[PDB]
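One structure is given here, and the rest of the page talks about it.
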């Protein structure tokens with residue numbers, strides 16, 4: 001319950017791999033993450049939804065753990081509906 | 001210095 005929103009930041013390796021794990025999500029699944037960051041990080045909700053600007057060094061620790069937790073749920077499966 | 005330009009949701 002509180003481990004997600006009151007989490008500590010992940011390392012540079014993990015943040016970078018998180019950029020890579022969202023890159024793995026097919027457009028359908030991907031649209032969630034683009035939305036997640038934009039929803040949690042108001043400062044980048046000005047980014048065009050087609051070309052969203054994510055700054056992994058500014059995202060909240062909970063944002064990272066929402067992004068990672070969500071994508072890993074997808075990667076750890078046969079994620080080939082639109083890919 | 002890490003930026004993720006996720007390019008998607010483009011209208012078709």
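With each run of n ≥ 4 DSSP H residues scored as -39500 (n - 2.57), what mean residue ellipticity at 222 nm is computed for chain A after dividing by its residue count and rounding to the nearest 500 deg cm²/dmol?
Values: 4 runs with 44 residues, N = 83.
After summing the helix terms and dividing by the residues of chain A, the value is -16000 deg cm²/dmol.
Across chain A, C-alpha contacts under 8 Å between residues 6 or more apart give a mean separation that, scaled by the residue count, equals a relative contact order of 48 percent.
Site pair residue A:50 and residue A:24 shows an inter-label distance of 2.8 nm when each label is modelled 7 Å from Cα along Cα→Cβ.
Rounded to the nearest 0.05, what FRET efficiency is calculated for residue A:8 and residue A:79 with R0 set to 25 Å and r the Cβ-Cβ distance? In this case the efficiency is close to 0.35.
Decide, for the protein assembly as shown, between rounded, prolate and oblate: order the square roots of the alpha carbon gyration tensor eigenvalues as a ≥ b ≥ c, take rounded if a/c falls under 1.5, and otherwise choose prolate if a/b is larger than b/c, else oblate. Since a/c reaches 1.5 but b/c is at least a/b, the shape of the protein assembly as shown is classed as oblate.
Every residue, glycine among them, receives a Cβ derived from its backbone with ideal geometry; neighbour counts consider all protein chains shown. Read-outs throughout are calculated quantities, based only on the coordinates presented, and are distinct from any laboratory measurement.
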